[PDB]
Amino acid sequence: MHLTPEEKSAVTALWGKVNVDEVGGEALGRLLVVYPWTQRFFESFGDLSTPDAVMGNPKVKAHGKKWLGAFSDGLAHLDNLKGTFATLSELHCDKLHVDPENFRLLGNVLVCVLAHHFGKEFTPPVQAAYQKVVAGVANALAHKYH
């Protein structure tokens, strides 16, 4: 990874405008809708029968806050992502059994959600910076898989 100073500022600048709880639920919701095989982890969440059931599901919204708050905290440690996420990586492999391919999917759905939310403000260079960060987070969450 390793970002230039201008890429860091761009990531940081836009992130100050994000409602973490809303965007977290929206990105998780669209993951489950657009790539329905990811629903395999969330059978206890209840009704996921249509996109509205999903987007309106309170357990989806709560998990949205959870994952994106950990993400947000990781933006403060862009120089030590592997170290910041080591325990989470171990958990997702050993206990949760999450195929790391899911982290890349969610990363790309988050980028779509940001573009939807910020429109013209989400410029090609700002996207490029975010693409690096989500790949970095995916890689760091996959790091302890064995």
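The numbering used is simple: start at 1 and walk along the sequence shown.
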Stretch with higher mean Cα temperature factor, 3 to 11 vs 135 to 143, is 3 to 11
Averaging only over Cα atoms, indicate whether 56 to 64 or 112 to 120 has the higher B-factor in the PDB entry.
56 to 64
Scanning 47, 99, 26, 90 for peak Cα temperature factor in the entry gives 47
Most elevated Cα B-factor in the entry, residues 82, 95, 104, 30:
82
For the chain shown, is the CA B-factor of residue 20 in the lowest, middle or highest third of its modelled residues?
highest
